[PDB]
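Note that the deposited numbering has the sequence shown beginning at 1, numbered continuously upward. For each residue, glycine too, the CB sits at the ideal point set by N, CA and C. Here the structure is laid out as structure tokens; the discussion comes afterwards.
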Amino acid sequence: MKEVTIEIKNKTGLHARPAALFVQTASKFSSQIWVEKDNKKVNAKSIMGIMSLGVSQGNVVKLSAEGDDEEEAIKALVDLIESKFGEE
């Protein structure tokens, strides 16, 4: 199991195009991957789950991954988030 705590800094939070990029990136890996916020936990590969979390700009989430490629999956999600999903 590999985890990281990280701030979502882009204008729309986990909504619109950033939400799609997040789920598409998570889906590239065999590991099971989770996202947590305020005692709520959802599947990172599920768009309905991500929407239900209601993540806005400045909010903080905890990412977790379990499987053969768990380290690589976390690295990819962190890199995408730290580029603000390709925005200023």
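Looking at the DSSP output, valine 42 shares a beta bridge with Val35. Within the stretch 45–70, the beta strand (DSSP E) runs of at least 3 residues that lie entirely inside it are, in chain order, 60–66. By the 16-neighbour rule on beta-carbons within 10 angstroms, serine 52 is exposed.
By alpha-carbon distance to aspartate 38, the top candidate from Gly49, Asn59, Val4, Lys28 is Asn59. Rounded to whole angstroms, the Cβ separation of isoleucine 50 and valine 23 is 6 Å, and the two are in contact under 8 Å. Closest in C-alpha terms to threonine 25, from the list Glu72, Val4, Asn10, comes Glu72.
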